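Line order of the protein sequences matches chains H, E, B, N, J, F, G, I and A. Residues in the first sequence are numbered from 1 upward in steps of one, following the entry's author numbering. Residues in the second sequence are numbered from 3 upward in steps of one, following the entry's author numbering. Residues in the third sequence are numbered from 1 upward in steps of one, following the entry's author numbering. Residues in the fourth sequence are numbered from 1 upward in steps of one, following the entry's author numbering. Residues in the fifth sequence are numbered from 1 upward in steps of one, following the entry's author numbering. Residues in the sixth sequence are numbered from 2 upward in steps of one, following the entry's author numbering. Residues in the seventh sequence are numbered from 2 upward in steps of one, following the entry's author numbering. Residues in the eighth sequence are numbered from 1 upward in steps of one, following the entry's author numbering. Residues in the ninth sequence are numbered from 1 upward in steps of one, following the entry's author numbering. See below for the structure under consideration.
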Amino acid sequence: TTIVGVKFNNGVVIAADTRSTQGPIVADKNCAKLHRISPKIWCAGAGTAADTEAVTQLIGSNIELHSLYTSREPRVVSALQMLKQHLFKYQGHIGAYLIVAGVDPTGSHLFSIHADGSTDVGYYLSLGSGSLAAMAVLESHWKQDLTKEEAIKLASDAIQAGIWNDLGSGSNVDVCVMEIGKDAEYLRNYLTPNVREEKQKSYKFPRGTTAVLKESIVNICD
Amino acid sequence: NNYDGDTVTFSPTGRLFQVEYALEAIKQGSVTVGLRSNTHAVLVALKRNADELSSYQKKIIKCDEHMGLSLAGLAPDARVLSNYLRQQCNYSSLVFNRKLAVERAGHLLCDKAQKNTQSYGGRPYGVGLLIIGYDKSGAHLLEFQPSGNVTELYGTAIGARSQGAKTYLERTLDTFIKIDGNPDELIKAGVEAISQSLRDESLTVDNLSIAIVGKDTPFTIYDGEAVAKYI
Amino acid sequence: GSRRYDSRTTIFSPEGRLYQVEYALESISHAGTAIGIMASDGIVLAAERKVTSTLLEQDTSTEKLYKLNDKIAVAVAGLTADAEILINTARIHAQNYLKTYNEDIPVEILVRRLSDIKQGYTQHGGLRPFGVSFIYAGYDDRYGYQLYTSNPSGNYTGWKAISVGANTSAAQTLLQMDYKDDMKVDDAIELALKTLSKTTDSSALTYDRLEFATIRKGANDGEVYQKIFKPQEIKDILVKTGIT
Amino acid sequence: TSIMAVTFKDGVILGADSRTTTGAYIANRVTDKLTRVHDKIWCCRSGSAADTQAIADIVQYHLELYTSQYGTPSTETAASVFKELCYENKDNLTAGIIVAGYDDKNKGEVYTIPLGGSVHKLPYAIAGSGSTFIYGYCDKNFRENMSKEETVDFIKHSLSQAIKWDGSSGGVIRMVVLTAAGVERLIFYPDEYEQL
Amino acid sequence: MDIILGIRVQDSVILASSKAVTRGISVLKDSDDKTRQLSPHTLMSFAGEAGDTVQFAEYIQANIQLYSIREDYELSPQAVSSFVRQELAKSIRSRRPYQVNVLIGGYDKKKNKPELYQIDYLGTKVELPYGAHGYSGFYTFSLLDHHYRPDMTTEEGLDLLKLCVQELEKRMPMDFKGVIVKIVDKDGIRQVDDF
Amino acid sequence: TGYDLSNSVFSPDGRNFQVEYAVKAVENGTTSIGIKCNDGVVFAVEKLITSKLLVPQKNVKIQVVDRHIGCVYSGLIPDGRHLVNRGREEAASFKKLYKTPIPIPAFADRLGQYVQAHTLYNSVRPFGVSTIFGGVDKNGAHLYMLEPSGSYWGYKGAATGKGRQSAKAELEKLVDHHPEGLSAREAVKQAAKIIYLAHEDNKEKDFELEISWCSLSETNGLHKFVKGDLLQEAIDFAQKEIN
Amino acid sequence: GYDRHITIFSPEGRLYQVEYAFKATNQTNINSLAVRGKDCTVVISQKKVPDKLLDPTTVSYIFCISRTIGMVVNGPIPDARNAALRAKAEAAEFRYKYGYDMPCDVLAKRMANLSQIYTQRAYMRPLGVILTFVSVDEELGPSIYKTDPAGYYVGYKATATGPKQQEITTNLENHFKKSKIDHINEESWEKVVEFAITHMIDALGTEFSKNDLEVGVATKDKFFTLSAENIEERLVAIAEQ
Amino acid sequence: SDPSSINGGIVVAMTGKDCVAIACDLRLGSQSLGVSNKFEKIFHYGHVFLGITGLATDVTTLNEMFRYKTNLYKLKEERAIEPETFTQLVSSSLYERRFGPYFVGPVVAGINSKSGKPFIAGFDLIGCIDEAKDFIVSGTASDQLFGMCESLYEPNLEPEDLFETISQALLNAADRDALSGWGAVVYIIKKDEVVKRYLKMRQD
Amino acid sequence: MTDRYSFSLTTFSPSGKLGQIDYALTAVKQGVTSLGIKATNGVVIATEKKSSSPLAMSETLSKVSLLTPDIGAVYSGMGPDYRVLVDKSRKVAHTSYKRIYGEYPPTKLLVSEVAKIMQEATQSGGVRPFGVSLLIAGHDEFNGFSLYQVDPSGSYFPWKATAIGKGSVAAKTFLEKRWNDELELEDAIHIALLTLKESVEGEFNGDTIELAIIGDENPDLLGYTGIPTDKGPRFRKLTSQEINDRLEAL
Ligand SMILES: [Mg+2]
Ligand SMILES: [Mg+2]
Ligand SMILES: [Mg+2]
Ligand SMILES: [Mg+2]
Ligand SMILES: [Mg+2]
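See the structure below:
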């Protein structure tokens with residue numbers, strides 16, 4: 001995985017590639033690594049795929065129940081604290097590496113959490129196998145006072161560095177934008193620069209090609 | 003009356019009736035006496051039988067080489083409390099290489115008895131105890147009652163008709179307190195003290211029980227022909 | 001302490017009855033009547049709803065008849081909420097048996113376990129018993145069609161026809177009168193409704209005050225089908241027997 | 001990490017680099033290793049980021065609860081809470097923490113807590129991988145009752161050297177000044193401290 | 001332990017199970033019956049870790065006998081095999097797993113069919129015309145692939161089994177001291193005394 | 002009614018009669034006092050000599066908690082010991098975690114919450130003691146009194162038991178005549194007097210006097226018992242004032 | 002009637018133990034009052050030290066729960082301190098778990114839930130207290146939320162509690178009819194305290210020295226109580242007007 | 001001592017036009033020894049189909065578990081579980097055993113009864129959901145299935161064509177794996193008819 | 001110490017009544033009126049906001065609660081009991097359903113879970129029944145709109161329309177006259193407002209009435225965009241203003 005977070009004027013943007021691997025094999029070419037914790041708190045995840053999904057869903061659930069209990073919009077620092085304490089308790093055995101971001105009544109926020117429970121604060125962050133390719137771009141092009149459109153460009157450029165240069169990353173770029181005073185916009189497949197070329201040939205077979213021994217109707221009714 | 007159903011209930015005058023009823027089992031107990039000088043501490047106890055075919059209930063229990071007690075009331079409760087003391091004396095030796103102070107033995111018994119007077123489901127102990135011992139500050143006599151109150155004395159007595167012995171000791175105070183370096187005379191003064199509580203019966207050979215602890219005397223118990231010397 | 005407020009739910013009277021069980025049966029005796037009738041080719045379950053209101057949603061409603069698995073159902077008389085606790089237990093128990101042996105649970109074995117749960121509340125734990133009597137209607141390949149009942153005591157017995165709830169005395173006399181062993185399901189259906197019609201405390205028996213179920217071998221060859229009747233289907237069967 | 005805390009005339013100053021490392025990769029070049037557990041009780045963190053954060057978070061909770069019941073805790077008390085966690089969980093922690101705070105009775109105080117969870121009250125303390133390279137320097141240049149400006153200079157020069165030699169240390173030099181006046185945050189960028 | 005086989009023919013299941021018990025360089029016993037009757041029409045053979053084998057077999061036996069008494073009824077071979085599998089499937093993630101492999105041969109009286117189930121210590125169940133556990137199968141499966149027919153008689157089954165034992169006695173490195181053979185059919189369970 | 006048969010039950014007034022009944026056991030007990038002074042506190046108590054046979058000096062009733070706190074109580078003695086045992090656990094756990102000895106207000110609330118806890122349930126009985134206690138912490142001297150309900154406050158002087166009214170009246174005078182403060186050595190003598198004055202309300206049996214104190218100057222902030230020449234000097238002062 | 006000894010329903014659907022716990026609320030014979038400014042929330046309570054032997058500084062029914070939250074209690078002190086200690090622990094735990102300061106209304110809800118449990122579960126008695134929580138919440142601004150032994154809680158524009166609570170309530174209702182707003186339109190907390198004391202005087206018909214009162218003030222990011230002298234300064238300014 | 005490759009086996013699933021297909025081999029072995037030629041790896045709960053590769057004891061156990069859970073679902077919900085929902089239940093259930101997992105590669109296939117959409121999904125042993133428009137692969141010949149599918153597949157195949165495609169993907173993947181083969185089954189699934197075909201394949 | 005109350009506090013009397021359930025139902029009778037009406041394209045639930053003081057801010061007390069995005073609740077009886085049930089109901093929707101199936105529970109099943117909690121308070125040791133009746137309105141894909149009543153016993157019933165509390169007998173009669181199977185949501189809101197006026201004595205405006213609907217999806221209330229299948233909550237609380245607009249055309 002490559003994942004990033006970039007702060008701008010009036011909010012925060014996160015992005016991620018869409019490759020999932022099992023060793024050198026690509027299992028999923030279009031998996032969603034941007035996870036909704038609450039409507040305006042989204043989380044980019046790298047590491048053990050099931051772990052990032054479970055830990056993000058669990059804290060997402062508890063944040064919802066908290067928001068209801070308190071009659072308040074959830075804050076990023078709550079998601080951060082709940083995630084970090086959970087991950088710390090498991091001493092790294094839950095392999096979730098997360099960029100946590102969103103907007104809440106307090107402002108806009110960007111954090112990262114490592115699997116052992118350590119947290120970071122910053123204006124730009126990257127995690128995953130492609131984090132060095134991404135960070136190289138962020139360190140090259142980041143500045144204070146970015147516009148929304150500049151931050152998206154920077155973020156997706158940082159993911160692209162991962163897609164092209166890191167074998168752990170590929171396929172597409174997902175983006176989510178969390179601006180203050182607005183609904184978060186989830187931009188699924190914001191970029192699709194890896195469309196498969198037309199195949200040279202159709203492999204559709206002559207019907208009857210496959211040798212068959214038996215048939216039978218299967219009953220799916222009651 | 004309405005307030006004696008359990009130990010967790012105060013009466014309107016601030017009394018704990020179950021504790022008072024526990025105290026009553028002591029009064030029905032056979033008499034026992036304790037007294038001490040500055041060198042020795044002595045227990046005398048009148049043992050009671052069921053009838054002529056029975057044994058005479060043992061009333062004195064050794065707790066350590068330097069400590070022990072006599073009982074009056076429910077005997078199994080004395081067994082529980084004596085066993086607890088045996089362990090406390092034992093813990094003191096194993097962990098601190100230290101003979102347990104008779105005063106601490108008293109505080110520990112008080113706190114054990116007290117817990118059974120403040121909780122639901124339990125009951126107070128139905129027994130009173132006289133603890134004697136010789137520790138680093140000399141001879142000691144202690145009186146335990148199941149309310150939790152423990153008291154250090156030169157001498158005392160508990161059980162049925164204990165008021166006779168307790169008056170005698172109150173008179174004899176200045177005499178017996180100075181029976182130093184003389185075991186048999188301190189016992190004689192306790193045997194005389196217990197005799198102030200006898201009625202229609204006198205001290206016989208399998209009726210009397212005596213114990214002594216002191217400077218160079220391990221806590222030891224005398225019954226049978228070994229107490230004929232004192233009748 | 002708390003001893004003062006303990007009703008002691010699990011004790012014997014001087015006569016050797018269980019107070020709480022007896023008082024639970026007393027509760028059940030005011031519940032909507034439920035009837036089970038077993039035929040050679042199937043089983044009927046009919047039950048009367050507790051005094052309905054016109055504004056109740058009758059078609060998406062379930063008060064009396066519940067599905068335990070595909071081959072077993074029950075009719076309830078007593079506290080519905082109590083019965084749902086027991087129903088979910090029975091449902092889970094069926095699935096444990098299936099999981100363990102790869103065979104659907106024999107009817108008696110399910111009934112025994114539910115009855116054993118009820119018995120426990122009468123002997124230990126200081127809790128009130130469940131205020132529920134069940135009629136169990138089921139099929140298995142050992143005994144075929146079976147009717148049972150269980151009550152708060154945890155006692156269970158098997159029947160050809162049985163009623164629980166209100167007016168079981170009146171109802172049992174009428175079933176005893178017209179029941180006969182070679183009977184078919186369709187005759188049994190008629191008997192069930194006729195019996196409710198004469199025992200009901202209401203002015204007249206209508207579709208909206210009923211729940212109805214059959215367990216027939218009425219699917220295709222060697223297999224059993226559960227039919228929980230929809231409101232319109234009860235309305236029709238009520239006409240087809242001449243009660244409306 | 002390179003970290004230190006120095007008592008002086010008016011109180012105490014904490015200082016730290018800003019580098020967090022996973023191997024030779026710098027995961028964060030602008031880290032804040034000076035952490036508030038109370039208004040005027042702070043700590044410098046070294047070791048595992050996760051461990052030291054989890055610890056500071058727990059301590060902050062304890063001292064907030066202490067404050068609600070018994071009023072402001074002493075720096076000794078704060079150091080004792082750190083120790084208790086570090087000592088009792090010594091098998092599962094990699095945390096070298098310096099505790100520093102300002103009382104009005106006790107003025108500036110510094111307690112250091114190495115890996116075992118022992119406690120050591122000192123005029124000043126240095127810790128982290130980079131500290132090894134400045135034991136010589138710091139022992140020769142430290143004096144008691146320095147002024148604020150002298151202490152800031154001592155820390156700036158000391159951490160400059162620790163950063164120069166230790167590759168694990170680097171970035172900016174952060175400081176936190178704890179006096180009767182209040183709490184002051186200072187920062188010093190490479191272009192300044194590198195050419196001292 | 002080591003050698004346990006099973007063959008299902010037209011009207012019976014036949015289990016053959018080695019007689020040797022070896023600890024170290026000594027054959028302690030040459031007449032060991034590695035089998036337990038679970039019910040009148042169900043027999044289980046077993047092999048594996050010393051002690052574990054019998055302890056497991058007898059535990060299953062006790063459980064099935066209890067069931068029989070409670071219901072006054074005999075569980076089908078399929079039901080028994082599923083109970084056994086689940087017990088082993090639990091065991092495999094225990095602190096100390098039962099290291100026992102089993103064959104279950106039963107005659108289902110409701111279907112009038114013989115049934116053979118092979119289950120290893122992991123709780124891996126399969127129904128088979130013929131089965132084996134351990135190294136046995138490496139010789140016998142190929143041989144039964146060749147000579148087995150589904151419509152064979154009990155006597156044809158026994159001869160087919162004699163071939164298997166002959167091959168094992170030729171090519172197996174260890175002396176397993178022959179086999180005890182048992183037949184499970186509509187009339188229950190009996191032992192062939194001369195083999 | 003029957004509202005008084007079970008602890009933790011509110012009567013229709015809003016009262017817990019079982020706690021009020023515990024208060025009667027306290028009023029039945031021997032007199033005990035506490036006097037706050039310039040840089041410390043003084044505790045005193047009346048010990049009834051039931052019999053010649055009680056060894057003098059050797060049935061000690063005042064209790065130390067940690068090194069710096071003294072506790073005295075009137076009522077059921079074992080209940081008082083049980084409370085001090087808990088106080089000792091509470092102080093140890095405070096010092097273990099926070100290093101500094103437990104501040105006196107902090108210590109007061111530990112006992113307060115524990116006693117109040119025994120008014121929350123019907124499965125326990127309220128404490129049959131009122132407890133006077135205190136000492137010297139980093140903020141100075143503190144004296145407290147704690148009742149069966151869990152109620153406690155800070156005091157200039159405090160008294161409880163059979164002679165509480167006599168003692169209370171005597172305490173109010175000292176407060177009026179010494180607005181700038183009382184010295185520790187003074188307070189020791191006054192304590193002795195007030196106990197002797199309060200003994201009027203318990204005069205069947207004669208008594209043994211017991212005193213203790215914490216003073217920043219006289220004891221270095223630690224709790225010690227008053228014995229020997231200082232005890233006798235304060236007894237004499239008290240003898241001279243009843244005559 | 003054992004339905005009057007524990008928290009189970011009476012035939013008329015009531016919980017007598019809860020109702021009697023409300024009556025314990027007034028055992029102290031103190032009245033409390035809370036109002037909101039623009040920037041602040043003030044709470045005042047009578048202070049009565051009958052005994053001359055008491056250290057008056059240790060006599061208080063106002064508690065600092067957290068940096069931002071204050072609580073005044075109407076009811077016996079042992080129950081009051083029990084509630085204070087719990088509320089402190091709950092606010093500290095909330096901060097550690099969720100990363101921000103516990104709001105006044107959420108702590109109120111949580112303490113209300115705890116009280117509710119004592120009304121449903123038999124082994125626990127209700128606390129004979131009414132708890133008035135005040136703060137300047139970072140989202141909701143000046144806030145007053147009050148809890149009782151029934152487990153009920155609600156937010157207030159202003160409120161009062163005690164034996165002569167009705168007199169104070171109507172006094173305040175009458176003011177807000179006239180002002181047409183939800184709060185005291187006043188810049189400084191000093192004048193909001195002055196309002197509170199003034200309207201308590203009118204309602205109760207009594208004058209106050211500096212030791213007859215006890216005052217707590219909540220501002221953005223701190224809640225504090227007032228010294229005798231801070232109050233005297235405040236009393237002086239009322240008289241000179 | 002790698003549990004996922006002791007018994008062997010494979011499962012593959014594909015979408016077509018208003019249809020899905022799911023196929024599996026029939027082998028169960030103990031390493032080199034082939035043992036059963038009749039070990040089917042595809043099960044169904046109502047109209048939702050589940051294939052499972054990996055350790056065979058867990059394959060059996062999970063089938064028995066999901067039958068258990070879907071039966072209870074149906075009794076309480078009064079309707080059959082849909083594939084999107086079942087996929088979520090599979091994920092929950094595997095992640096519940098996060099640190100002592102079932103050693104399996106499940107595959108879900110089916111057609112939603114309300115929307116008519118075809119649906120497939122795959123899972124790792126720990127519950128991660130791999131959703132896909134085109135195909136899902138699983139088992140000891142998964143590399144091979146990936147290679148077959150990625151070249152052979154095209155969208156919107158009619159049921160009779162999809163059958164040929166999935167069968168050829170399975171068969172040729174199986175023949176390059178020592179632990180897969182020994183028979184094969186293919187399920188063609190349409191809105192309200194399901195056809196099951198056993199394939200003829202090499203028996204080595 | 002510790003809970004020594006391990007025995008039932010609700011037991012059968014000789015007549016067969018369960019006293020504490022009856023007495024709880026009596027507490028519900030004393031409670032303020034609340035009601036629910038089921039329309040073809042929506043459900044409405046409504047109640048009066050009986051304020052305890054006029055100094056109270058009755059907006060801070062919410063009698064109508066969101067449980068899931070498509071389910072809401074209202075009650076009659078003891079408010080505190082209701083509040084904790086809402087807390088537990090919200091939580092149980094997640095623990096026993098959403099964390100398993102990745103979707104919110106359908107109305108009947110969530111109701112089933114709340115009923116279970118209330119049945120347990122009727123049998124477990126050391127507790128009294130809840131002193132509330134709930135009305136729970138909701139929508140789910142396979143059952144459409146639904147409305148359920150839940151009583152202290154734990155029993156629940158589906159309703160076309162009903163009312164509970166103080167003026168329930170009267171209001172149920174009013175609803176029988178006005179209800180039909182062709183009601184549009186707006187018609188049902190109108191009927192709810194009419195039915196409620198009969199049982200309310202004092203002021204009758206959008207500040208003393210609390211009223212929510214289960215209707216169409218509200219994408220504007222979702223908080224984010226980009227997932228087509230997530231279309232927003234069907235639960236909506238009507239504003240003070242929105243109620244008054246409908247009280248003019250009454
Ligand atoms: Mg660690
Ligand atoms: Mg460097
Ligand atoms: Mg209660
Ligand atoms: Mg192959
Ligand atoms: Mg081969």
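Ideal Cβ placement from N, Cα and C applies to all residues, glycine included.
- H:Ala-15 is positioned such that its CB atom lies closer than 8 Å to that of H:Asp-174.
- A distance criterion of 7 Å places the beta-carbon of N:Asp-166 in contact range of ligand 2, judged by its closest non-hydrogen atom.
- In the DSSP assignment, the residues bridged to I:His-44 are I:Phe-49.
- Under the DSSP assignment, B:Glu-48 falls in the beta strand (DSSP E) whose first and last residues are 42-48.
- Here A:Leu-55 is buried: its Cβ has 16 or more other Cβ atoms, across all protein chains shown, within 10 Å.
- Annotated three-state conformation of B:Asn-151 is coil, per DSSP.
- Boundaries of the alpha helix (DSSP H) around F:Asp-230: 229-243.
- Under the three-state reduction of DSSP output, J:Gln-37 falls in the strand class.
- In the three-state DSSP reduction, J:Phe-83 falls in the helix class (H, G or I).
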